[PDB]
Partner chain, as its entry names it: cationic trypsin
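The chain below stands alone, shown as structure tokens; this is the form solved without the partner chain.
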């Protein structure tokens, strides 16, 4: 098979935590791979299948 790498350094553009009393589940893209986030984020894609239709991975 054929795929590409997913370079995600410390200097990448990441989302911010909400520091609230709740823990939702959101999804974001990091260069070429989708990645789940948990902790009052509420931004980004709602599911992995909303991320993966727009990003290449």
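Residue numbers count along the first chain shown, from 1.
Only in words, not in the display: the form solved in complex with the partner chain, which the text now covers.
Participant: Even though the partner chain is not shown here, does residue 39 get within 4.5 Å of it in the deposited complex, heavy atoms only?
Facilitator: Residue 39: contacts the partner chain in the deposited complex.
Participant: Going by a heavy atom distance of 4.5 Å, is residue 16 a contact of the partner chain in the deposited complex?
Facilitator: No.
Participant: Can you tell me which bits of 9-34 touch the partner chain in the deposited complex, meaning any heavy atom within 4.5 Å?
Facilitator: Contacts from 9-34: 18, 19, 20, 21, 22, 23, 24, 25.
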